[PDB]
């Protein structure tokens, strides 16, 4: 179950953007913490749109997935506020935001070793989920958060976490699914109920492509009809700018889901460079 947070202990501050049928805000939670100390803690507030309240079950199931498992590379959920009409998910607030924006802002500053450390961390998180037979269903650079920047001076690497998947692709309208090509794998375009552990290996490949492309979005120039035809013609993504991980990307985005490598194998490949 989810810890219930009182509407009166939450303050909503600035809008940070939107997700799928959600609005996202920075906020503050008043709480009693360890030793009975009172705290005013920064939080990330995710609000399901009133118009799409019929998705509330999938909205919360997405975060519940993340919450029943504990791992260093998985975002922390603090609880939920159903107080009122609103359906509110309360999560930890990460200092440096999402990776897709960070890659773009810091293009001329991110080198191959940084990308490899990030890829290894994401692969570790996905290996944990695979070993627990937990499907994420929406692996992408927008859903990777940057906790700590790299510090060459101290030799410290960056540190990321994987966020929750949001409303599942098994209940979303087809036009949203099509726009999410090529993160959504071909078999889930055929039938979103084909969502499986193999789904996440495909999307991991798409996310590595993002990491290697300075925050470009693959196939963004293609409209939804042309994205569908891309899958129907069995195309692959072009090798990124920095081509060091192109082979791994292509091996991961295999049109045969049963041939996509395990995350253990993926980690072995990453460690070999």
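Numbering follows the first chain given and starts at 1. Superpose the two forms; the largest set of C-alphas matching within 1.5 Å is the rigid core.
Root mean square Cα distance to the shown form, taken over structures and residues in 4 other deposited structures of this protein after a core fit, is higher for 61-69 when 61-69 and 42-50 are compared. If you average the C-alpha B-factors over 48-56 and over 31-39, the higher value belongs to 48-56. Across the two stretches, 78-86 and 144-152, the PDB entry reports the greater mean Cα temperature factor for 78-86. Of all the options 226, 217, 241, 234, the entry's greatest CA B-factor is assigned to 241. When the C-alpha B-factors of 200, 92, 117, 190 are read from the PDB record, the largest value belongs to 190. Per the PDB record, residue ranking by Cα B-factor puts residue 247 in the middle third of the chain.
Residue 196: CA B factor in the highest third of modelled residues in this chain (values from the PDB entry).
Sort the chain's modelled residues by C-alpha temperature factor and residue 254 lands in the lowest third, per the entry. Ranked against the other modelled residues of its chain, the C-alpha B-factor of residue 157 as given in the entry falls in the highest third. Annotation for residue 167: CA B-factor lies in the middle third of the chain's modelled residues.
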